[PDB]
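In the order they appear, the protein sequences are chains A, A' and A''. A prime marks a further copy of an entry chain. All letters in the first sequence, in the order written, are residues 111 to 470, 473 to 709 by PDB author numbering. All letters in the second sequence, in the order written, are residues 111 to 470, 473 to 709 by PDB author numbering. All letters in the third sequence, in the order written, are residues 111 to 470, 473 to 709 by PDB author numbering. Please read the structure below before turning to the comments.
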Amino acid sequence: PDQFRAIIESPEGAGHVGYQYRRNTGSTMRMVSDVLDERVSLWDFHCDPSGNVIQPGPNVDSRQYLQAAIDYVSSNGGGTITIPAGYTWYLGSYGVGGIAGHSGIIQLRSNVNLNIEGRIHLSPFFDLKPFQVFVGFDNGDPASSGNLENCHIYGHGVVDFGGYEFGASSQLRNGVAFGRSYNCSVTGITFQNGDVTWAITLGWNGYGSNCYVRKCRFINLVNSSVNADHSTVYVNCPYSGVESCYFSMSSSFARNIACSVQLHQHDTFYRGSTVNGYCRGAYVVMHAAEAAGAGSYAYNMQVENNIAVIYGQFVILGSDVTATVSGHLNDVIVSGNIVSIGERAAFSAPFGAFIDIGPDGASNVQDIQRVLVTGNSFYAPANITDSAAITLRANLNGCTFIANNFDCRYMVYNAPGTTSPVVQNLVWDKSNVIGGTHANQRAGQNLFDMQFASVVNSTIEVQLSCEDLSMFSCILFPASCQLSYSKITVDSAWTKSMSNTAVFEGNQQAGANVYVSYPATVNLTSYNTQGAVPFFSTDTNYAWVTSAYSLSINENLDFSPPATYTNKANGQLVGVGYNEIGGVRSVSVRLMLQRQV
Amino acid sequence: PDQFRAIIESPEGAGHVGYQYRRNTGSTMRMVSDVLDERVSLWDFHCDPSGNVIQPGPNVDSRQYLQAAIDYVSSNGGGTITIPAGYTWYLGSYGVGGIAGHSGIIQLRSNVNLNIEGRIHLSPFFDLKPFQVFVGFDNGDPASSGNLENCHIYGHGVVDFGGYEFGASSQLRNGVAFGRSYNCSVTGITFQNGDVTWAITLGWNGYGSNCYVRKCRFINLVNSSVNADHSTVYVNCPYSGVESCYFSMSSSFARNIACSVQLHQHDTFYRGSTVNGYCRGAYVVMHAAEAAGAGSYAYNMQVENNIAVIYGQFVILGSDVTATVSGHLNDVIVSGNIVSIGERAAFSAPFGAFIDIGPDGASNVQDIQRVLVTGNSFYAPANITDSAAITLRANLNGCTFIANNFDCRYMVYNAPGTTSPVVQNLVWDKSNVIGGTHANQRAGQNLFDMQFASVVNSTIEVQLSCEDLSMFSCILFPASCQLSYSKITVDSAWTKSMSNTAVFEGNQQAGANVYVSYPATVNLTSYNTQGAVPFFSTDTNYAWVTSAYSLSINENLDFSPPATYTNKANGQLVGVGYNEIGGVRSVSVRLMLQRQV
Amino acid sequence: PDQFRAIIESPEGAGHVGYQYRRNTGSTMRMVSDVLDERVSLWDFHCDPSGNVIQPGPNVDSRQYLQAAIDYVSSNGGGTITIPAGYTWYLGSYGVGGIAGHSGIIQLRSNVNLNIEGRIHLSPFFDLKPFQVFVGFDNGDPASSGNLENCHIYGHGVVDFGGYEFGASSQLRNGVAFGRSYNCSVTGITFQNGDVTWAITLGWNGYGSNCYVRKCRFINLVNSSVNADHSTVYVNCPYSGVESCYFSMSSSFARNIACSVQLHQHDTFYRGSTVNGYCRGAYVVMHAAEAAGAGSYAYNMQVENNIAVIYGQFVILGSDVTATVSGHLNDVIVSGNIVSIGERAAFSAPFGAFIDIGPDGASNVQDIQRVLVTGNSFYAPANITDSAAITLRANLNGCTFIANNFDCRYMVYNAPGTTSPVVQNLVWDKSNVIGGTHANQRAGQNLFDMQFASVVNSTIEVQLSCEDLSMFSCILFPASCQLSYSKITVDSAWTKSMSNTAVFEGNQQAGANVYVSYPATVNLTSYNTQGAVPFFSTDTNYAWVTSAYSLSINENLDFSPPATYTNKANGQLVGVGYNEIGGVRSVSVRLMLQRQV
Ligand SMILES: CC(=O)N[C@@H]1[C@@H](O[C@H]2O[C@H](CO)[C@H](O[C@H]3O[C@H](CO[C@@H]4O[C@@H](C)[C@H](O)[C@@H](O)[C@H]4O)[C@@H](O)[C@H](O)[C@H]3O)[C@H](O[C@@H]3O[C@H](CO)[C@@H](O)[C@H](O)[C@H]3NC(C)=O)[C@H]2O)[C@H](O)[C@@H](CO)O[C@@H]1O
Ligand SMILES: CC(=O)N[C@@H]1[C@@H](O[C@H]2O[C@H](CO)[C@H](O[C@H]3O[C@H](CO[C@@H]4O[C@@H](C)[C@H](O)[C@@H](O)[C@H]4O)[C@@H](O)[C@H](O)[C@H]3O)[C@H](O[C@@H]3O[C@H](CO)[C@@H](O)[C@H](O)[C@H]3NC(C)=O)[C@H]2O)[C@H](O)[C@@H](CO)O[C@@H]1O
Ligand SMILES: CC(=O)N[C@@H]1[C@@H](O[C@H]2O[C@H](CO)[C@H](O[C@H]3O[C@H](CO[C@@H]4O[C@@H](C)[C@H](O)[C@@H](O)[C@H]4O)[C@@H](O)[C@H](O)[C@H]3O)[C@H](O[C@@H]3O[C@H](CO)[C@@H](O)[C@H](O)[C@H]3NC(C)=O)[C@H]2O)[C@H](O)[C@@H](CO)O[C@@H]1O
Ligand code: NA
Ligand code: NA
Ligand code: NA
Ligand code: NA
Ligand code: NA
Ligand code: NA
């Protein structure tokens with residue numbers, strides 16, 4: 111009875127006050143404490159050693175209290191801890207144990223979700239140091255780590271990295287490393303105000319499954335020249351992806367170093383997202399070094415329906431090897447994306463591209481094939497000389513382009529001098545529309561500049577949609593490039609006044625299995641005979657031509673040249689025209705030259 | 111001790127009853143009230159002046175109580191107020207202060223979320239009046255408004271507008287106006303049973319960022335002839351969009367006035383949504399008048415993967431100007447959408463179109481370019497005369513169509529008499545498939561009816577997939593339309609029995625930089641000579657032709673006409689055929705006429 | 111005063127302890143019980159008849175307690191019941207009443223949501239028996255069922271079917287049957303460890319609207335040879351769909367019987383999902399037997415942006431009839447999907463296809481048309497003989513393919529002997545890219561094997577991207593197939609060494625409205641005349657040819673054959689070439705044969 115007042119005011123008080131849901135006689139006879147025990151928050155562990163609550167703030171290190179919360183819920187089989195709204199909770203010290211080797215602050219645990227409604231901020235303890243805010247490994251060595259399963263971070267809250275710069279290039283910084291992560295996700299959270307290597311990483315070298323990042327925001331996560339490299343989300347487990355997210359940088363350094371997403375394992379996706387101020391959109395890469403959990407192949411890779419303003423390359427494809435393992439990249443789709451290179455001087459950032467091959473130092477280890485690039489839009493402003501639909505800078509075993517709209521300086525490019533890629537199965541369908549923004553800016557340049565060691569089993573069907581008489585050629589193959597079993601065509605529309613349409617500096621268009629067609633101007637002379645009369649070319653450069661036809665009107669009454677032509681063993685063209693009256697004729701005509709097509 | 115019983119039964123009672131989470135000795139020693147204070151609902155403010163709870167209902171105006179809740183949580187740095195399930199909460203009066211000038215009911219506040227689980231209904235106080243249910247402006251003048259940040263409305267609940275009609279055309283009605291809104295969203299909510307101007311508006315004249323509408327339903331939000339205009343979601347801030355929503359109207363008036371989405375600023379999207387019973391799908395428009403927050407350009411605009419039955423136009427493109435500011439629309443992608451015009455009489459609703467240009473009174477202020485329309489399906493029933501893939505009714509600086517399937521009356525249309533658009537960079541790739549539904553319905557009509565002032569730098573590659581001999585022509589250019597630096601082709605498949613394939617009423621196909629090809633029937637007569645012998649056309653209408661070839665078999669044994677033809681200065685065609693036996697020959701042949709292609 | 115202590119410890123205790131939110135004098139004066147009554151969990155009904163809580167576990171049947179919870183919340187107008195984390199709740203008995211006839215365990219009720227955070231497991235009571243875990247019908251006969259409205263199942267929890275096999279083929283097993291379901295959804299849930307017919311079904315024979323499955327996982331839901339058939343999600347109401355889900359099977363039996371999704375009513379979608387280990391991706395089907403709620407037509411059907419490894423067919427199209435009702439399928443889009451047939455022996459699973467027509473026993477009842485298949489990737493390993501872009505095994509009224517990349521054994525296939533489909537409006541645009549994986553594996557096979565009763569209003573534009581000289585032909589029509597009003601072309605690239613390109617075993621290419629072109633080798637002999645001289649074919653098989661042109665170079669100096677040719681009534685080709693010196697000439701040339709193109 112005095113006992114009772116004391117019990118009630120004690121910490122066991124709520125366990126003595128009875129409750130039945132809505133006065134329902136059929137419901138469980140409980141105590142208030144039992145209903146309160148259905149939820150848990152940071153407030154339930156944010157206390158001094160005497161149990162008195164501590165208010166968070168800039169002079170309070172909340173880390174041990176959040177850890178205690180996570181540890182405790184973990185011991186009961188899991189649940190969701192709320193990080194309350196209306197407060198900022200500062201983190202002020204490293205964690206201990208298995209996450210120490212990852213510079214971890216907080217250790218995540220299986221089945222323990224965090225509902226971040228308020229704000230998590232890093233204290234100046236972390237200035238110029240490494241850190242990884244949330245870590246799901248439980249060992250300093252990931253190979254000896256257990257898994258993290260069924261861990262979800264969500265809510266309307268914020269992770270703020272406090273604006274501190276990296277102290278040294280070699281340091282790493284992360285928001286969430288799920289670790290060897292199975293059914294883990296981040297949803298709704300804003301990550302902001304940092305200089306970090308990543309915001310979120312998913313999986314570890316192929317170990318993991320079903321990890322996702324959805325409806326998150328990533329804002330200003332690079333701020334210094336010390337930051338060596340940044341990729342906002344690194345996807346290193348299969349069956350995993352990024353969807354409906356927003357990424358934004360404002361630093362100059364971001365334009366040169368930052369990528370929004372890494373897809374590095376099979377059945378991974380990047381969709382429906384908006385990117386601004388980044389160097390790169392996504393790398394789609396199989397690293398042999400990361401092939402332990404899910405094999406040596408990256409397949410079923412999807413980059414779709416994204417919106418981007420970048421300064422470098424939108425999608426970068428690659429693979430590589432180690433002494434003992436070969437990585438392979440195949441079965442990739444890149445579709446529906448609308449991308450522009452932001453306003454910048456030519457050459458002021460890494461070379462602008464929709465697709466780049468990919469990635470490395474060396475360019476003779478890649479195995480990339482069965483890639484489909486379809487129904488995308490790409491735009492670079494007219495002054496950006498270093499803008500291409502594809503910069504094909506390393507070996508390529510296949511990539512197919514259909515029904516894209518590319519409006520930039522080059523369609524296919526690689527720098528001469530540099531690498532000599534071996535190219536197979538490059539398909540550029542006629543349904544790719546080449547825009548006009550760069551018209552008149554192409555003096556000395558080849559629209560398709562095929563600076564390769566070799567090209568085989570490839571299709572390039574060039575279709576202009578406006579004039580550009582500044583360009584040197586539509587497509588040029590240097591003498592060093594071998595060409596075989598390929599189809600190269602230049603549609604005549606908008607080409608009438610071009611000196612060079614297609615150029616084969618080693619006369620590669622003569623190969624037995626090269627199928628070509630392109631316009632050329634040809635001078636022809638007839639014999640004098642009245643009636644049906646042959647016309648022959650004055651030059652002897654057409655031994656390769658299977659047929660040609662006129663692309664010019666005949667201003668004459670008294671005669672007509674042939675509508676169509678074949679060739680002769682000496683390299684002349686020949687056709688039969690008609691002299692109404694006799695006389696030797698001499699004409700200049702625009703022809704479509706054809707070989708095996 | 112008597113004191114104690116009184117304290118417990120008082121409103122401070124729960125602050126005297128102790129609690130420790132799950133009896134954990136390491137947890138905070140709290141009081142019951144502290145744990146209860148972790149959440150908040152409408153019940154905590156829905157009380158009379160003596161603090162007694164009030165039951166909601168049709169005779170109770172809940173507005174002041176919800177406002178008090180919002181105001182209070184706002185003062186503590188935010189949180190989420192629950193609008194409880196199992197109840198309908200009626201709103202019965204206008205709000206006061208800054209929202210008064212917007213006819214506001216409730217004022218939203220920064221960081222204060224609403225979890226609407228029950229139903230919010232408008233009382234008959236609002237019949238025939240304006241209203242805006244939730245407003246995020248804090249001033250009657252938006253230019254002098256502060257921002258609304260981090261405000262999210264979500265849950266399984268409902269906003270019901272009570273079915274009341276507008277009282278006057280000039281009135282406005284809205285569900286949620288976020289205002290100058292940054293990181294605000296609506297998720298999961300059903301808006302139903304109204305006559306309103308909008309359901310949700312995002313941003314104000316470019317001010318705002320990261321505003322989204324996801325997984326909402328909008329059902330029957332137009333019901334009268336007084337409603338002047340309706341757009342369900344108006345997106346007026348950048349980096350913002352609508353995803354995975356459902357829109358449905360059943361009113362006849364909706365078919366003539368209602369649009370599902372307005373995208374009016376850069377980096378905005380409309381995706382994955384289903385629309386039924388609306389006039390229009392989306393406007394994608396840069397209004398110079400709305401250019402204050404985010405500049406004069408709408409770029410990176412995405413309409414993708416939607417499903418729609420509409421009565422008018424699916425996507426409408428536009429821009430305009432004011433005295434002092436010019437709006438520009440560019441870098442737009444429209445992809446993956448499957449759209450049909452619903453069953454209706456011809457001309458019974460605004461003209462059916464997949465794309466319309468856009469929007470206005474005047475048609476000589478627009479600057480629209482770099483638009484890609486790809487991989488969409490469109491269908492209108494055979495009786496709908498007023499159905500087009502594009503109604504091109506105002507100036508166009510570019511739009512590219514690739515790999516669509518359009519099955520309607522017209523491919524390209526504009527009404528004669530009306531506007532005289534100036535058209536640049538219209539590209540219709542050969543990979544657009546023209547369906548057959550309207551075959552036999554086209555008497556007196558031109559499949560591509562090019563009723564423009566001029567066309568330049570344009571491509572129209574016509575490819576039929578079935579016969580339609582009812583049509584007057586595949587493509588017609590009236591004499592008033594200038595044509596230059598363009599490519600116009602008509603594939604011969606399904607065209608053998610057509611009198612007219614392409615028609616140039618001003619002989620525009622003769623221009624120096626016009627590249628054309630199309631079938632025609634030509635009568636030819638030979639000279640009598642045995643052996644190789646010329647054939648010439650009887651008409652002199654072919655001065656423009658660079659080459660032609662036969663599309664007809666030769667039923668003769670004793671002779672053959674030329675397989676290919678050139679022309680002569682008098683406008684005749686000429687080729688060399690072969691008389692096995694001499695005689696003057698006279699034949700009718702179907703030729704492919706070609707000019708510079 | 112003694113009374114008071116007793117009241118407090120009683121179940122009414124919390125109704126005597128006062129509370130006011132955050133000590134706010136303006137808030138409602140409540141009691142603790144009122145705030146607790148804002149939420150509800152399974153703990154509030156999981157009690158013995160004396161009200162003492164029961165711990166769940168493998169020897170406790172939780173079913174009656176969950177039912178009581180649902181029943182109670184239902185009586186108050188709805189709300190959300192939590193199934194608590196950290197516990198597994200076993201289900202051990204059938205439900206009663208209306209769900210008995212559906213082998214129901216739990217009955218869902220309108221407006222009553224379930225937030226499944228822990229795990230729901232089936233007890234061995236259910237081994238070898240039928241069951242449907244959650245049922246939304248309220249009558250044994252669905253035709254006499256009321257509706258289920260506004261019922262959502264969500265959270266991070268799990269439904270585990272306990273691994274039990276089916277006891278008999280004829281049994282059915284389901285996770286969630288919403289019933290006649292309007293605004294119902296499942297979000298976030300993992301369904302695992304079963305042998306079931308379905309995981310979720312939405313709607314009943316067209317009755318229902320706005321039902322969705324989002325962000326769910328379905329893992330290993332087939333495990334035995336007794337299971338007759340499995341479809342993970344069956345969508346049987348309109349305006350409904352599956353988005354962003356993950357599906358995975360590991361059983362051999364799944365490879366032969368299992369489909370991820372059924373879309374069976376209008377305005378339904380399947381998007382953004384990842385499938386592994388299934389026989390089939392989706393059926394898109396109008397069954398006349400299911401046409402009661404929403405009519406006889408399935409229209410606006412979308413399968414987009416999915417990722418799949420299957421063993422059979424990706425999308426299957428169909429319709430059918432009953433005595434009294436005809437089903438129709440139209441307005442379908444299949445886009446952006448990246449799909450491969452998994453590693454398997456040829457013929458070891460149902461025939462691999464991107465598209466199959468569809469579905470049935474009979475093949476002469478279907479009405480499928482206005483289907484667009486665009487911008488997809490498909491791959492099958494080189495050893496899979498039974499792999500096709502389309503297996504066209506029943507009547508087809510239209511399907512359009514544009515800008516896909518198909519890398520498998522056949523492009524168009526149907527088995528000879530078997531069905532004789534009537535085919536209309538099959539369009540295969542030239543922008544479809546045919547891959548090379550199966551090169552050299554095609555001995556005795558036709559790349560397009562047109563084994564149909566008839567083809568009309570169809571387009572097949574064949575474009576190779578590499579050589580395959582193993583194949584018998586690019587396209588073959590047997591004599592039994594009628595062909596009319598169609599366009600069939602074979603581009604010459606990579607075809608120079610092929611004996612047969614296109615083959616018409618009944619000489620169907622001669623039809624009046626057949627438009628064709630393909631390469632052929634032809635032997636020609638000239639007359640002896642010096643000068644312009646005719647060359648004629650030695651064979652008389654070209655009565656159908658309207659023109660031909662050379663695809664071969666001329667190795668001769670003293671003469672040239674014609675660049676172009678027509679024909680003569682006896683079936684010879686003829687052209688005019690040039691003898692510099694006279695003599696009879698005899699040459700073998702590769703020509704492009706053309707008819708009406
Ligand atoms: C920034 C970025 O992602 N850049 C990629 C580039 O990635 C390579 O380079 C980056 C540079 O930051 C990473 O290399 C750094 O980090 C690794 C891994 O850290 C260690 O292991 C983790 C688990 C632990 O928590 C840490 O404390 C460290 O012990 C270092 O080993 C390396 O020395 C350091 O430079 C990246 O490594 C990957 O990082 C992901 C995500 O964290 C891990 O899942 C992978 O295991 C790890 N891979 C390897 C092989 O260790 C490097 O892969 C790409 O190569 C390039 C092409 O795609 O694109 C971007 O430039
Ligand atoms: C229904 C619809 O959206 N129709 C568009 C059409 O939009 C123009 O016309 C509509 C007609 O309803 C709007 O014009 C009406 O409303 C504006 C704005 O309301 C005022 O300002 C707001 C902030 C405040 O809350 C209100 O109390 C008012 O003070 C009025 O000024 C105008 O007189 C009235 O007719 C629409 O205006 C825009 O509305 C959006 C969303 O609310 C605001 O964010 C914009 O600021 C505002 N724009 C301007 C210039 O004020 C008009 O833009 C489109 O023009 C057309 C082409 O896209 O498509 C549909 O027909
Ligand atoms: C597994 C699968 O979906 N396979 C489809 C195939 O579907 C047909 O065959 C399956 C085989 O499981 C279904 O037929 C079985 O179930 C129906 C319906 O069950 C009865 O009604 C329900 C409401 C009740 O809960 C049950 O207790 C039963 O009374 C049986 O009538 C039939 O005898 C049995 O074999 C499927 O039926 C459909 O099932 C869906 C989803 O549950 C219901 O919404 C439909 O009402 C019901 N349709 C009909 C006509 O009853 C059959 O349609 C497809 O036909 C095929 C082509 O798409 O693809 C897969 O193979
Ligand atoms: Na480390
Ligand atoms: Na070389
Ligand atoms: Na106003
Ligand atoms: Na004009
Ligand atoms: Na039954
Ligand atoms: Na037949």
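Cβ atoms here follow ideal geometry from the backbone N, Cα and C, with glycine treated the same way.
Item	Value
Partner residues on chain A' for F155 of chain A, Cβ-Cβ distance less than 9 Å	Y131, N134, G136, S137, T138
Local conformation of residue 81 of chain A per DSSP, three classes	Past the boundaries of the shown model lies residue 81 of chain A; chain A is included only from 111 to 709, so the question cannot be answered.
Inside the segment 648 to 682 of chain A'' only - beta strand (DSSP E) runs reaching at least 3 residues	659 to 662, 676 to 679
Unbroken alpha helix (DSSP H) run spanning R173 of chain A, endpoints	173 to 185
Where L484 of chain A'' meets chain A', residues with beta-carbon distance less than 7 Å	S489, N517
Alpha carbon of residue 101 of chain A'' to alpha carbon of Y597 of chain A'', nearest angstrom	The structure shown does not extend to residue 101 of chain A'', since chain A'' spans only 111 to 709, so no value can be given for it.
DSSP three-state assignment for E414 of chain A'', whether helix, strand or coil	strand
Distance cut-off 7 Å: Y393 of chain A' Cβ against heavy atoms of ligand 2	yes
Bridge partners - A287 of chain A, DSSP secondary structure assignment	A:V245, A:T311
For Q372 of chain A'', three-class secondary structure by DSSP	strand
Cβ of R454 of chain A'' within 8 Å of any chain A' Cβ	no
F379 of chain A' versus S383 of chain A - alpha carbon distance	10 Å
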